>>> print(open('protein_9.txt').read())   # compact mmCIF, N, CA and C atoms and all ligand atoms
# COMPACT_ATOMS: atom_id res chain seq x y z
N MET A 1 8.85 15.41 -6.06
CA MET A 1 8.57 14.16 -6.75
C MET A 1 8.02 13.11 -5.79
N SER A 2 7.16 13.54 -4.87
CA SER A 2 6.56 12.64 -3.90
C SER A 2 5.19 13.16 -3.51
N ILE A 3 4.36 12.26 -3.00
CA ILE A 3 2.99 12.62 -2.61
C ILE A 3 3.03 13.46 -1.34
N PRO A 4 2.17 14.45 -1.18
CA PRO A 4 2.11 15.21 0.08
C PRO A 4 1.34 14.43 1.14
N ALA A 5 1.47 14.89 2.38
CA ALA A 5 0.82 14.26 3.52
C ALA A 5 -0.69 14.43 3.44
N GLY A 6 -1.42 13.46 4.00
CA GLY A 6 -2.87 13.55 4.01
C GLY A 6 -3.56 12.21 3.79
N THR A 7 -4.89 12.21 3.75
CA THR A 7 -5.64 10.97 3.62
C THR A 7 -5.97 10.72 2.15
N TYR A 8 -5.72 9.50 1.68
CA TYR A 8 -5.84 9.17 0.27
C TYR A 8 -6.43 7.77 0.12
N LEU A 9 -6.90 7.50 -1.10
CA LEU A 9 -7.26 6.16 -1.54
C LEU A 9 -6.28 5.75 -2.63
N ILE A 10 -5.64 4.60 -2.45
CA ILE A 10 -4.61 4.12 -3.37
C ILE A 10 -5.24 3.11 -4.31
N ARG A 11 -5.13 3.35 -5.62
CA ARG A 11 -5.71 2.48 -6.63
C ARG A 11 -4.63 2.00 -7.59
N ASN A 12 -4.67 0.72 -7.93
CA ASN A 12 -3.74 0.15 -8.91
C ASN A 12 -4.24 0.44 -10.32
N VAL A 13 -3.36 0.97 -11.16
CA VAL A 13 -3.76 1.34 -12.52
C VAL A 13 -3.81 0.14 -13.46
N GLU A 14 -3.10 -0.94 -13.15
CA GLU A 14 -3.07 -2.09 -14.04
C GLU A 14 -4.35 -2.91 -13.98
N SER A 15 -5.06 -2.88 -12.84
CA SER A 15 -6.26 -3.69 -12.68
C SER A 15 -7.43 -2.94 -12.07
N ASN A 16 -7.31 -1.64 -11.80
CA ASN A 16 -8.40 -0.83 -11.24
C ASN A 16 -8.90 -1.41 -9.92
N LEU A 17 -7.97 -1.77 -9.05
CA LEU A 17 -8.28 -2.33 -7.74
C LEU A 17 -7.62 -1.49 -6.65
N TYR A 18 -8.28 -1.42 -5.50
CA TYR A 18 -7.87 -0.56 -4.41
C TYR A 18 -7.15 -1.36 -3.33
N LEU A 19 -6.17 -0.72 -2.69
CA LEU A 19 -5.45 -1.35 -1.59
C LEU A 19 -6.37 -1.48 -0.38
N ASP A 20 -6.39 -2.67 0.22
CA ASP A 20 -7.35 -3.00 1.26
C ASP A 20 -6.67 -3.85 2.33
N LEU A 21 -7.20 -3.79 3.54
CA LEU A 21 -6.74 -4.62 4.64
C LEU A 21 -7.70 -5.80 4.80
N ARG A 22 -7.15 -7.01 4.81
CA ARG A 22 -7.96 -8.22 4.75
C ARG A 22 -8.79 -8.37 6.02
N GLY A 23 -10.10 -8.17 5.90
CA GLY A 23 -11.02 -8.41 6.99
C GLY A 23 -11.09 -7.34 8.05
N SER A 24 -10.34 -6.25 7.89
CA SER A 24 -10.27 -5.16 8.87
C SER A 24 -9.81 -5.64 10.24
N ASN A 25 -9.03 -6.71 10.29
CA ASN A 25 -8.56 -7.25 11.56
C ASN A 25 -7.45 -6.37 12.12
N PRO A 26 -7.59 -5.84 13.34
CA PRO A 26 -6.50 -5.06 13.96
C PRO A 26 -5.52 -5.95 14.72
N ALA A 27 -4.95 -6.93 14.03
CA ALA A 27 -4.03 -7.88 14.61
C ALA A 27 -2.77 -7.97 13.76
N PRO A 28 -1.63 -8.29 14.37
CA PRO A 28 -0.39 -8.44 13.59
C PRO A 28 -0.51 -9.59 12.60
N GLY A 29 0.11 -9.42 11.43
CA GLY A 29 0.10 -10.45 10.41
C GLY A 29 -1.14 -10.45 9.55
N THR A 30 -1.71 -9.28 9.31
CA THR A 30 -2.89 -9.14 8.46
C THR A 30 -2.44 -8.71 7.07
N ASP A 31 -2.72 -9.54 6.07
CA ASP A 31 -2.24 -9.29 4.72
C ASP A 31 -2.92 -8.07 4.11
N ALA A 32 -2.14 -7.28 3.38
CA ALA A 32 -2.65 -6.16 2.61
C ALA A 32 -2.88 -6.61 1.18
N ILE A 33 -4.14 -6.61 0.75
CA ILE A 33 -4.52 -7.17 -0.54
C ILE A 33 -5.05 -6.07 -1.45
N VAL A 34 -5.44 -6.44 -2.67
CA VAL A 34 -6.12 -5.54 -3.59
C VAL A 34 -7.54 -6.06 -3.78
N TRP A 35 -8.52 -5.16 -3.64
CA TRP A 35 -9.92 -5.53 -3.65
C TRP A 35 -10.73 -4.43 -4.32
N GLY A 36 -11.97 -4.76 -4.66
CA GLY A 36 -12.84 -3.78 -5.30
C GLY A 36 -13.17 -2.62 -4.38
N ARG A 37 -13.59 -1.52 -4.99
CA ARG A 37 -13.84 -0.29 -4.24
C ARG A 37 -15.05 -0.45 -3.33
N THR A 38 -14.87 -0.12 -2.05
CA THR A 38 -15.97 -0.10 -1.10
C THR A 38 -16.00 1.23 -0.37
N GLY A 39 -14.84 1.85 -0.20
CA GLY A 39 -14.75 3.13 0.47
C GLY A 39 -14.88 3.08 1.97
N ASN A 40 -14.65 1.92 2.58
CA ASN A 40 -14.80 1.77 4.02
C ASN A 40 -13.57 2.33 4.74
N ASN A 41 -13.47 2.07 6.04
CA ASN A 41 -12.38 2.61 6.83
C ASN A 41 -11.07 1.86 6.62
N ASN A 42 -11.11 0.67 6.03
CA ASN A 42 -9.91 -0.11 5.80
C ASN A 42 -9.26 0.18 4.45
N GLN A 43 -9.81 1.11 3.67
CA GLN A 43 -9.25 1.48 2.38
C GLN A 43 -8.72 2.91 2.33
N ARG A 44 -8.86 3.67 3.41
CA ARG A 44 -8.36 5.04 3.47
C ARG A 44 -7.04 5.05 4.23
N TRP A 45 -6.01 5.62 3.62
CA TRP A 45 -4.66 5.59 4.17
C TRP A 45 -4.15 7.01 4.39
N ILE A 46 -3.67 7.28 5.60
CA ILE A 46 -3.03 8.55 5.93
C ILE A 46 -1.55 8.44 5.62
N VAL A 47 -1.05 9.38 4.82
CA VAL A 47 0.35 9.44 4.43
C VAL A 47 1.02 10.52 5.28
N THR A 48 2.03 10.12 6.05
CA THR A 48 2.81 11.02 6.87
C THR A 48 4.25 11.05 6.38
N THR A 49 4.80 12.26 6.25
CA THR A 49 6.13 12.46 5.69
C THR A 49 7.15 12.66 6.80
N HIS A 50 8.37 12.17 6.56
CA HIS A 50 9.46 12.29 7.51
C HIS A 50 10.50 13.29 6.99
N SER A 51 11.57 13.48 7.76
CA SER A 51 12.56 14.50 7.42
C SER A 51 13.42 14.10 6.23
N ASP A 52 13.89 12.85 6.21
CA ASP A 52 14.83 12.42 5.18
C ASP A 52 14.18 12.28 3.81
N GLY A 53 12.86 12.20 3.74
CA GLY A 53 12.18 12.08 2.47
C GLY A 53 11.44 10.77 2.30
N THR A 54 11.10 10.13 3.41
CA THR A 54 10.36 8.87 3.40
C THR A 54 8.98 9.09 4.02
N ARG A 55 8.02 8.26 3.60
CA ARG A 55 6.64 8.44 3.99
C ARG A 55 6.05 7.11 4.46
N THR A 56 5.06 7.20 5.35
CA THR A 56 4.43 6.04 5.95
C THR A 56 2.92 6.13 5.80
N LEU A 57 2.29 4.96 5.72
CA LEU A 57 0.85 4.84 5.54
C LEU A 57 0.22 4.23 6.79
N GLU A 58 -0.89 4.82 7.24
CA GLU A 58 -1.63 4.31 8.38
C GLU A 58 -3.11 4.19 8.04
N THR A 59 -3.73 3.09 8.45
CA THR A 59 -5.16 2.91 8.22
C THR A 59 -5.97 3.87 9.09
N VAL A 60 -7.08 4.35 8.53
CA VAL A 60 -7.97 5.26 9.24
C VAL A 60 -8.90 4.46 10.14
N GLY A 61 -8.94 4.83 11.42
CA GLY A 61 -9.82 4.16 12.36
C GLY A 61 -9.20 2.92 12.98
N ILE A 62 -8.83 1.96 12.13
CA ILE A 62 -8.17 0.75 12.62
C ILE A 62 -6.79 1.08 13.17
N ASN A 63 -6.11 2.06 12.56
CA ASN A 63 -4.78 2.50 12.98
C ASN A 63 -3.76 1.37 12.89
N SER A 64 -3.75 0.70 11.74
CA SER A 64 -2.78 -0.35 11.45
C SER A 64 -1.93 0.11 10.27
N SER A 65 -0.62 0.16 10.47
CA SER A 65 0.30 0.66 9.45
C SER A 65 0.63 -0.44 8.45
N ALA A 66 1.57 -0.17 7.56
CA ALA A 66 2.07 -1.15 6.59
C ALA A 66 3.45 -1.59 7.06
N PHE A 67 3.58 -2.86 7.41
CA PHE A 67 4.79 -3.39 8.03
C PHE A 67 5.29 -4.59 7.25
N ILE A 68 6.57 -4.55 6.86
CA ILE A 68 7.24 -5.67 6.22
C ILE A 68 8.32 -6.17 7.18
N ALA A 69 8.18 -7.42 7.63
CA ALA A 69 9.10 -7.96 8.63
C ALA A 69 10.51 -8.06 8.07
N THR A 70 10.68 -8.82 6.99
CA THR A 70 11.97 -8.98 6.33
C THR A 70 11.88 -8.39 4.93
N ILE A 71 12.76 -7.44 4.63
CA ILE A 71 12.78 -6.77 3.33
C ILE A 71 13.69 -7.60 2.43
N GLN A 72 13.08 -8.55 1.73
CA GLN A 72 13.78 -9.47 0.84
C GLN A 72 12.98 -9.60 -0.44
N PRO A 73 13.61 -10.05 -1.53
CA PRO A 73 12.87 -10.19 -2.80
C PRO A 73 11.87 -11.33 -2.76
N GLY A 74 10.69 -11.06 -2.21
CA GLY A 74 9.65 -12.06 -2.09
C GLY A 74 8.86 -11.96 -0.80
N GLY A 75 9.22 -11.01 0.06
CA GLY A 75 8.48 -10.81 1.28
C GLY A 75 7.13 -10.16 1.03
N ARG A 76 6.20 -10.39 1.96
CA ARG A 76 4.85 -9.87 1.85
C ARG A 76 4.76 -8.51 2.55
N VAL A 77 3.57 -7.90 2.46
CA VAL A 77 3.27 -6.65 3.15
C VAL A 77 2.09 -6.91 4.08
N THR A 78 2.26 -6.56 5.35
CA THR A 78 1.23 -6.84 6.35
C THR A 78 0.87 -5.58 7.13
N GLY A 79 0.06 -5.74 8.18
CA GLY A 79 -0.33 -4.62 9.01
C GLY A 79 -0.06 -4.84 10.48
N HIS A 80 0.69 -3.92 11.10
CA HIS A 80 1.05 -4.03 12.50
C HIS A 80 0.54 -2.82 13.27
N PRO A 81 -0.06 -3.03 14.44
CA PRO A 81 -0.58 -1.89 15.21
C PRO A 81 0.48 -0.89 15.63
N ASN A 82 1.70 -1.34 15.91
CA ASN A 82 2.75 -0.47 16.44
C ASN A 82 3.88 -0.24 15.43
N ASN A 83 4.49 -1.31 14.92
CA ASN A 83 5.63 -1.16 14.04
C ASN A 83 5.22 -0.61 12.68
N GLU A 84 6.18 0.01 12.00
CA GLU A 84 5.93 0.65 10.72
C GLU A 84 7.08 0.31 9.77
N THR A 85 7.07 0.93 8.60
CA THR A 85 8.15 0.83 7.63
C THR A 85 8.18 2.11 6.82
N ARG A 86 9.38 2.66 6.63
CA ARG A 86 9.55 3.91 5.90
C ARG A 86 9.60 3.61 4.41
N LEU A 87 8.59 4.09 3.68
CA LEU A 87 8.45 3.84 2.25
C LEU A 87 8.96 5.03 1.44
N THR A 88 9.29 4.75 0.18
CA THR A 88 9.66 5.78 -0.78
C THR A 88 8.64 5.76 -1.91
N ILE A 89 7.91 6.86 -2.08
CA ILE A 89 6.87 6.98 -3.09
C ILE A 89 7.35 7.99 -4.11
N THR A 90 7.87 7.50 -5.24
CA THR A 90 8.40 8.37 -6.27
C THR A 90 7.42 8.48 -7.44
N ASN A 91 7.70 9.41 -8.34
CA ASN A 91 6.83 9.72 -9.46
C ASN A 91 7.49 9.28 -10.76
N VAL A 92 6.75 8.51 -11.57
CA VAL A 92 7.23 8.10 -12.88
C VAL A 92 6.43 8.73 -14.01
N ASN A 93 5.14 8.93 -13.84
CA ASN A 93 4.25 9.56 -14.81
C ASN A 93 3.42 10.61 -14.09
N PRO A 94 2.86 11.58 -14.82
CA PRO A 94 2.01 12.58 -14.16
C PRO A 94 0.70 11.97 -13.68
N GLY A 95 0.58 11.78 -12.37
CA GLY A 95 -0.60 11.17 -11.80
C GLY A 95 -0.33 9.80 -11.20
N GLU A 96 0.57 9.05 -11.82
CA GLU A 96 0.89 7.69 -11.39
C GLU A 96 2.22 7.68 -10.65
N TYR A 97 2.25 7.03 -9.49
CA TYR A 97 3.43 6.94 -8.65
C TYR A 97 3.90 5.49 -8.57
N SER A 98 4.95 5.27 -7.78
CA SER A 98 5.46 3.94 -7.51
C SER A 98 6.04 3.91 -6.10
N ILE A 99 5.70 2.86 -5.36
CA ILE A 99 6.06 2.72 -3.95
C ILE A 99 7.10 1.62 -3.83
N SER A 100 8.19 1.91 -3.11
CA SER A 100 9.24 0.94 -2.85
C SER A 100 9.62 0.97 -1.38
N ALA A 101 10.11 -0.16 -0.88
CA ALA A 101 10.50 -0.30 0.52
C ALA A 101 11.90 -0.91 0.57
N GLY A 102 12.89 -0.09 0.93
CA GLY A 102 14.25 -0.58 1.02
C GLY A 102 14.92 -0.85 -0.30
N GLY A 103 14.42 -0.26 -1.39
CA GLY A 103 14.98 -0.46 -2.71
C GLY A 103 14.24 -1.45 -3.58
N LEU A 104 13.30 -2.20 -3.02
CA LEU A 104 12.53 -3.19 -3.76
C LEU A 104 11.12 -2.66 -4.01
N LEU A 105 10.67 -2.75 -5.25
CA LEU A 105 9.36 -2.25 -5.63
C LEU A 105 8.26 -3.22 -5.20
N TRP A 106 7.03 -2.71 -5.15
CA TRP A 106 5.88 -3.51 -4.78
C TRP A 106 5.33 -4.24 -6.01
N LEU A 107 4.27 -5.01 -5.80
CA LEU A 107 3.64 -5.77 -6.87
C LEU A 107 2.14 -5.80 -6.65
N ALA A 108 1.40 -6.05 -7.73
CA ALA A 108 -0.06 -5.99 -7.67
C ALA A 108 -0.63 -7.21 -6.96
N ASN A 109 -0.39 -8.40 -7.52
CA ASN A 109 -0.91 -9.66 -6.98
C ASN A 109 -2.44 -9.63 -6.89
N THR A 110 -3.07 -9.57 -8.06
CA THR A 110 -4.52 -9.52 -8.14
C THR A 110 -5.13 -10.81 -7.60
N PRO A 111 -6.33 -10.74 -7.03
CA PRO A 111 -6.95 -11.95 -6.47
C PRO A 111 -7.23 -12.99 -7.53
N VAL A 112 -7.12 -14.26 -7.14
CA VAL A 112 -7.40 -15.39 -8.00
C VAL A 112 -8.32 -16.36 -7.27
N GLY A 113 -9.34 -16.84 -7.96
CA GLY A 113 -10.28 -17.78 -7.36
C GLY A 113 -11.09 -17.21 -6.22
N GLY A 114 -11.47 -15.94 -6.32
CA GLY A 114 -12.27 -15.32 -5.27
C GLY A 114 -11.56 -15.21 -3.94
N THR A 115 -10.27 -14.91 -3.95
CA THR A 115 -9.50 -14.78 -2.72
C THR A 115 -8.34 -13.82 -2.97
N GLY A 116 -8.24 -12.79 -2.13
CA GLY A 116 -7.19 -11.81 -2.30
C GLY A 116 -5.82 -12.37 -1.97
N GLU A 117 -4.79 -11.70 -2.49
CA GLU A 117 -3.41 -12.08 -2.26
C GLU A 117 -2.63 -10.89 -1.73
N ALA A 118 -1.71 -11.16 -0.81
CA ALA A 118 -0.93 -10.10 -0.19
C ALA A 118 0.03 -9.47 -1.19
N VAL A 119 0.25 -8.17 -1.03
CA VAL A 119 1.21 -7.45 -1.87
C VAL A 119 2.61 -7.93 -1.53
N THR A 120 3.37 -8.31 -2.55
CA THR A 120 4.71 -8.86 -2.38
C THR A 120 5.74 -7.94 -3.01
N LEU A 121 6.94 -7.94 -2.42
CA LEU A 121 8.03 -7.14 -2.96
C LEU A 121 8.56 -7.76 -4.25
N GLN A 122 9.15 -6.92 -5.09
CA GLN A 122 9.68 -7.32 -6.38
C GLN A 122 11.20 -7.36 -6.33
N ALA A 123 11.78 -8.24 -7.14
CA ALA A 123 13.23 -8.36 -7.21
C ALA A 123 13.85 -7.09 -7.80
N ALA A 124 15.16 -6.97 -7.63
CA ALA A 124 15.88 -5.79 -8.09
C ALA A 124 16.03 -5.80 -9.61
N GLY A 125 15.03 -5.28 -10.31
CA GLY A 125 15.07 -5.21 -11.76
C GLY A 125 15.10 -3.78 -12.27
N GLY A 126 14.50 -2.86 -11.52
CA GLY A 126 14.47 -1.47 -11.88
C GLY A 126 13.30 -1.04 -12.75
N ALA A 127 12.49 -1.99 -13.22
CA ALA A 127 11.34 -1.69 -14.07
C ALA A 127 10.08 -1.74 -13.21
N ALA A 128 9.42 -0.59 -13.06
CA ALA A 128 8.20 -0.51 -12.26
C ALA A 128 7.06 -1.18 -13.01
N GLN A 129 6.65 -2.36 -12.55
CA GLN A 129 5.57 -3.11 -13.17
C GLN A 129 4.22 -2.86 -12.53
N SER A 130 4.14 -1.97 -11.54
CA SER A 130 2.88 -1.66 -10.88
C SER A 130 2.92 -0.21 -10.42
N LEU A 131 1.94 0.58 -10.87
CA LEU A 131 1.85 1.99 -10.53
C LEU A 131 0.56 2.26 -9.78
N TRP A 132 0.60 3.23 -8.87
CA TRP A 132 -0.51 3.52 -7.98
C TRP A 132 -0.93 4.98 -8.12
N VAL A 133 -2.23 5.21 -7.95
CA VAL A 133 -2.83 6.54 -8.03
C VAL A 133 -3.41 6.88 -6.66
N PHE A 134 -3.09 8.07 -6.16
CA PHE A 134 -3.52 8.53 -4.84
C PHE A 134 -4.66 9.52 -5.03
N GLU A 135 -5.89 9.02 -4.94
CA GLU A 135 -7.07 9.87 -5.08
C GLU A 135 -7.42 10.50 -3.73
N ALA A 136 -7.55 11.82 -3.71
CA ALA A 136 -7.92 12.51 -2.49
C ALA A 136 -9.34 12.15 -2.08
N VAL A 137 -9.54 11.94 -0.78
CA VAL A 137 -10.85 11.57 -0.26
C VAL A 137 -11.43 12.72 0.57
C1 LIG B 201 -16.21 -4.07 5.34
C2 LIG B 201 -15.09 -5.11 5.24
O1 LIG B 201 -14.44 -5.37 6.19
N1 LIG B 201 -14.83 -5.77 3.97
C3 LIG B 201 -13.74 -6.78 3.87
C4 LIG B 201 -13.00 -6.54 2.60
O2 LIG B 201 -12.27 -5.28 2.71
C5 LIG B 201 -12.04 -7.62 2.29
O3 LIG B 201 -10.95 -7.55 3.24
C6 LIG B 201 -12.67 -9.00 2.35
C7 LIG B 201 -11.59 -10.02 2.20
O4 LIG B 201 -12.06 -11.03 1.35
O5 LIG B 201 -13.38 -9.23 3.64
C8 LIG B 201 -14.36 -8.18 3.93
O6 LIG B 201 -15.38 -8.26 3.02
>>> encode(input="protein_9.txt", output="structure tokens", more="lines below")
Ligand SMILES: CC(=O)N[C@@H]1[C@@H](O)[C@@H](O)[C@@H](CO)O[C@@H]1O
Amino acid sequence: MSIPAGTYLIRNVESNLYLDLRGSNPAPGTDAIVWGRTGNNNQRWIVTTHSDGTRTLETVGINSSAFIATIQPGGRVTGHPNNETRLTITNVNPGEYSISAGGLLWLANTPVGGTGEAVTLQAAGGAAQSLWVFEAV
């Protein structure tokens, strides 16, 4: 009930937008946003699996992972060259998954006013309001 290891493109099903790194900056504190499909190196994510059943995402080329400093109901998702975060990617529908970090689900946060917004954690409600599709590249 989890995605296998490998390189994928993650797409949000609620708005048909792809997970992207803002500006391709290889610096700490770079927001992970949702943006239109371009297929560049900042939109391809390598999924690596661990022993306990958790998986991590790394950007291709830039080599910036997905790092959440404080796992709280309202924290953002950023990119760090060294530090990482162990995610849980479970299956709710055939084809559509859901990603959580420390028990809190993710959120879409579609861009408003021509500016992307960082993916933010969701409060403990248990209802997956955002599902992701892992298209093989
Ligand atoms: C090629 C490239 O880096 N594209 C990025 C895009 O991914 C997105 O981050 C945008 C932010 O508004 O800034 C650039 O256009």
>>> closest_residue(input="protein_9.txt", among="A:115, A:94, A:44, A:83", to="ligand LIG 201 (chain B)", atoms="all atoms listed in the file")
A:115
>>> residues_near_ligand(input="protein_9.txt", ligand="ligand LIG 201 (chain B)", cutoff="6.5 Å", atoms="only N, CA and C atoms and all ligand atoms", output="PyMOL selection string")
chain A and resi 20-24+40+42+115-116
>>> residues_around(input="protein_9.txt", residues="residue 11 of chain A", least_positions_apart="3", cutoff="5 Å", atoms="only N, CA and C atoms", output="MDAnalysis selection string")
chainID A and resid 17:18 132:133
>>> residues_around(input="protein_9.txt", residues="residue 56 of chain A", least_positions_apart="4", cutoff="8 Å", atoms="all atoms listed in the file", output="list in words")
residues 45, 46, 47, 48, 49, 50, 65, 66, 84, 85, 86, 87, 88 and 89 of chain A
>>> select_by_dssp(input="protein_9.txt", residues="chain A", states="strand (DSSP E)", output="number ranges by chain")
A: 6-12, 17-21, 30-35, 45-49, 55-59, 78-79, 88-91, 97-101, 104-105, 132-136
>>> closest_residue(input="protein_9.txt", among="A:71, A:118, A:108, A:101", to="residue 131 of chain A", atoms="all atoms listed in the file")
A:108
>>> atom_distance(input="protein_9.txt", atom1="atom CA of residue 39 of chain A", atom2="atom CA of residue 60 of chain A")
11.3 Å
>>> build_atoms(input="protein_9.txt", residues="segment 90-109 of chain A", atoms="N, CA, C and O atoms", output="JSON list (two decimals), keeping the file's coordinate frame")
[["chain", "number", "residue", "atom", "x", "y", "z"],
["A", 90, "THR", "N", 7.87, 7.50, -5.24],
["A", 90, "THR", "CA", 8.40, 8.37, -6.27],
["A", 90, "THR", "C", 7.42, 8.48, -7.44],
["A", 90, "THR", "O", 6.43, 7.74, -7.52],
["A", 91, "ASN", "N", 7.70, 9.41, -8.34],
["A", 91, "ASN", "CA", 6.83, 9.72, -9.46],
["A", 91, "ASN", "C", 7.49, 9.28, -10.76],
["A", 91, "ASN", "O", 8.64, 9.63, -11.02],
["A", 92, "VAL", "N", 6.75, 8.51, -11.57],
["A", 92, "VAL", "CA", 7.23, 8.10, -12.88],
["A", 92, "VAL", "C", 6.43, 8.73, -14.01],
["A", 92, "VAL", "O", 7.01, 9.04, -15.06],
["A", 93, "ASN", "N", 5.14, 8.93, -13.84],
["A", 93, "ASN", "CA", 4.25, 9.56, -14.81],
["A", 93, "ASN", "C", 3.42, 10.61, -14.09],
["A", 93, "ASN", "O", 3.27, 10.56, -12.86],
["A", 94, "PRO", "N", 2.86, 11.58, -14.82],
["A", 94, "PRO", "CA", 2.01, 12.58, -14.16],
["A", 94, "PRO", "C", 0.70, 11.97, -13.68],
["A", 94, "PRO", "O", -0.18, 11.67, -14.49],
["A", 95, "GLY", "N", 0.58, 11.78, -12.37],
["A", 95, "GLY", "CA", -0.60, 11.17, -11.80],
["A", 95, "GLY", "C", -0.33, 9.80, -11.20],
["A", 95, "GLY", "O", -0.94, 9.43, -10.19],
["A", 96, "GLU", "N", 0.57, 9.05, -11.82],
["A", 96, "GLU", "CA", 0.89, 7.69, -11.39],
["A", 96, "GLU", "C", 2.22, 7.68, -10.65],
["A", 96, "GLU", "O", 3.21, 8.25, -11.13],
["A", 97, "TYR", "N", 2.25, 7.03, -9.49],
["A", 97, "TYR", "CA", 3.43, 6.94, -8.65],
["A", 97, "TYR", "C", 3.90, 5.49, -8.57],
["A", 97, "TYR", "O", 3.35, 4.59, -9.20],
["A", 98, "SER", "N", 4.95, 5.27, -7.78],
["A", 98, "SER", "CA", 5.46, 3.94, -7.51],
["A", 98, "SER", "C", 6.04, 3.91, -6.10],
["A", 98, "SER", "O", 6.78, 4.82, -5.71],
["A", 99, "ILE", "N", 5.70, 2.86, -5.36],
["A", 99, "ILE", "CA", 6.06, 2.72, -3.95],
["A", 99, "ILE", "C", 7.10, 1.62, -3.83],
["A", 99, "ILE", "O", 6.92, 0.52, -4.37],
["A", 100, "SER", "N", 8.19, 1.91, -3.11],
["A", 100, "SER", "CA", 9.24, 0.94, -2.85],
["A", 100, "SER", "C", 9.62, 0.97, -1.38],
["A", 100, "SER", "O", 9.47, 2.00, -0.71],
["A", 101, "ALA", "N", 10.11, -0.16, -0.88],
["A", 101, "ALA", "CA", 10.50, -0.30, 0.52],
["A", 101, "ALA", "C", 11.90, -0.91, 0.57],
["A", 101, "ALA", "O", 12.07, -2.10, 0.29],
["A", 102, "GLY", "N", 12.89, -0.09, 0.93],
["A", 102, "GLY", "CA", 14.25, -0.58, 1.02],
["A", 102, "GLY", "C", 14.92, -0.85, -0.30],
["A", 102, "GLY", "O", 15.91, -1.59, -0.35],
["A", 103, "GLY", "N", 14.42, -0.26, -1.39],
["A", 103, "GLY", "CA", 14.98, -0.46, -2.71],
["A", 103, "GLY", "C", 14.24, -1.45, -3.58],
["A", 103, "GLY", "O", 14.54, -1.53, -4.78],
["A", 104, "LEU", "N", 13.30, -2.20, -3.02],
["A", 104, "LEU", "CA", 12.53, -3.19, -3.76],
["A", 104, "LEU", "C", 11.12, -2.66, -4.01],
["A", 104, "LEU", "O", 10.47, -2.18, -3.08],
["A", 105, "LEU", "N", 10.67, -2.75, -5.25],
["A", 105, "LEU", "CA", 9.36, -2.25, -5.63],
["A", 105, "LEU", "C", 8.26, -3.22, -5.20],
["A", 105, "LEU", "O", 8.50, -4.40, -4.93],
["A", 106, "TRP", "N", 7.03, -2.71, -5.15],
["A", 106, "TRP", "CA", 5.88, -3.51, -4.78],
["A", 106, "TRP", "C", 5.33, -4.24, -6.01],
["A", 106, "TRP", "O", 5.84, -4.12, -7.12],
["A", 107, "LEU", "N", 4.27, -5.01, -5.80],
["A", 107, "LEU", "CA", 3.64, -5.77, -6.87],
["A", 107, "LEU", "C", 2.14, -5.80, -6.65],
["A", 107, "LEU", "O", 1.65, -5.61, -5.53],
["A", 108, "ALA", "N", 1.40, -6.05, -7.73],
["A", 108, "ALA", "CA", -0.06, -5.99, -7.67],
["A", 108, "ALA", "C", -0.63, -7.21, -6.96],
["A", 108, "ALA", "O", -1.29, -7.09, -5.93],
["A", 109, "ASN", "N", -0.39, -8.40, -7.52],
["A", 109, "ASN", "CA", -0.91, -9.66, -6.98],
["A", 109, "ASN", "C", -2.44, -9.63, -6.89],
["A", 109, "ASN", "O", -3.03, -9.65, -5.81]]
